[PDB]
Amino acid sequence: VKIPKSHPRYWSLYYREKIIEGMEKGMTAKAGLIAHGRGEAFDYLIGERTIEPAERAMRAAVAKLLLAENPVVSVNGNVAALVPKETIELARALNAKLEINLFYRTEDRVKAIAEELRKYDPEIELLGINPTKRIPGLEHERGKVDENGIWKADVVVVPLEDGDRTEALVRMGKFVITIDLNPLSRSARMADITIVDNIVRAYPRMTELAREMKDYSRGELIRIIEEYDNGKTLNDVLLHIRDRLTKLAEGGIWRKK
């Protein structure tokens, strides 16, 4: 660990290392490294915390997940590098299935992800090891899915997802929840609930939420879901980024700080 606990970018920097390792364990694609950067820049803009518009989406997503009939949490190379333990914990609290789901699928990459998750829960049912069914639209099996998971699923969480896949799953009729720091991504705009938070914070938080909201009665959960407006929430995120820009600038930019 090449930097000090006092460092103002400590956590950011720590996760950069985690996604690098991820790659050289065979988990995270190169393309994923670019996506990690995309996330970094936007986190910095958002303020590297869980903003209210994100808290709001997460209350609603967890309620929707808890009322679901066959909820699946997806995993890919980035998630496996960054929050292997927390994704298991979240799937456990939801009693949701975990399905590995990649755009750059490989038996090798699939196996690296599996082994990494097993490190944390050797017992865990993993789906998408050998996926038979496929999503209408998409492409050369860059849209392959397991038949006992996302194929079957009414409600999916698809973190850090590609826009083609999010939009396609919606057209199937899946209720899609995404976690994505970029509110302007196609995936963010096409999801049913879009949580604009870093997944390193979103998952542990959704886990806390699920642990409290388990005790909520159905009607309570349905009130939350029915109140929720994903359009206003995205709009609130853009204006939040807008206002942090004018705050970061103030006192002038050029030379320097």
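Note that residue numbering begins at 1 and tracks the sequence as displayed.
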Taking the deposited Cα B-factors and averaging over 119-127 and over 93-101, the higher mean is found in 119-127
Averaging only over Cα atoms, indicate whether 220-228 or 23-31 has the higher B-factor in the PDB entry.
23-31
In terms of recorded Cα temperature factor, pick the maximum from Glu86, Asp180, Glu139, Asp154.
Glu139
How does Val158 rank on Cα B-factor within its chain, lowest, middle or highest third?
middle
Third of the chain, ranked by Cα B-factor, where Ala249 sits:
highest
Among the chain's modelled residues, which third holds the C-alpha B-factor of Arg16?
highest
Split into thirds by Cα B-factor across the chain's modelled residues, where does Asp197 land: lowest, middle or highest?
lowest
Is the Cα B-factor recorded for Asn148 in the lowest, middle or highest third of its chain?
highest
